[PDB]
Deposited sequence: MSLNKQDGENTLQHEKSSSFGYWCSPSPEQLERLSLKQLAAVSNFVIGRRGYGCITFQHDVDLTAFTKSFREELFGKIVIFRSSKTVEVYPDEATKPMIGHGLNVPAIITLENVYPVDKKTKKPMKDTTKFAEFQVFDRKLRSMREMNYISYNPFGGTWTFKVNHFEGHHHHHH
């Protein structure tokens, strides 16, 4: 389904359970949708039954609605600082203003309105937005 991560699931299984509690450089994405780049070590010990099945489209979901969800079950979402509920940089692809998607890049003024909207988001801290592709990069402190 286009999902991927680094370390890859095959690499994560070659770690010990104590190594899996602090995995560095963790990155998970879905091709054609986006990517999450975690800012600090993450604890992946909740997912050992199957990294691929637990993570790819279950715990992490990139949806066709141009958004991303981490721990969709509220009861399972860890405290901030636990698991994957930690700071990250996110890129989402094909994000556009509006009643279909407005992707006419000759319309710079409307794109500018949309861009200021993104810049003003309080939870999703703006990094960049490219109208050519609708590529929105931002930072979050957690996934609450």
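- Taken in order along the deposited sequence, the stretches absent from the coordinates are 1-19, 118-121, 168-174.
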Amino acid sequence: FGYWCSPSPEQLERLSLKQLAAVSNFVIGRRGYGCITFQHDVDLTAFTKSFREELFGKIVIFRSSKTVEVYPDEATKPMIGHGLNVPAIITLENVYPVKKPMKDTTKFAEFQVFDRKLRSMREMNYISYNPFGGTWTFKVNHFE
From here on, numbers count along this sequence of modelled residues.
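- Stretches compared: 31-39, 44-52. Higher mean C-alpha B-factor in the entry: 44-52.
- Of the two stretches examined, 103-111 and 22-30, the record assigns the greater average C-alpha temperature factor to 103-111.
- Per the deposited coordinates, the residue with the largest Cα temperature factor out of 61, 86, 79, 90 is 79.
- In this PDB entry, the Cα temperature factor of residue 16 sits in the middle third of its chain's modelled residues.
- Sorting the modelled residues of the chain by their CA temperature factor places residue 120 in the highest third.
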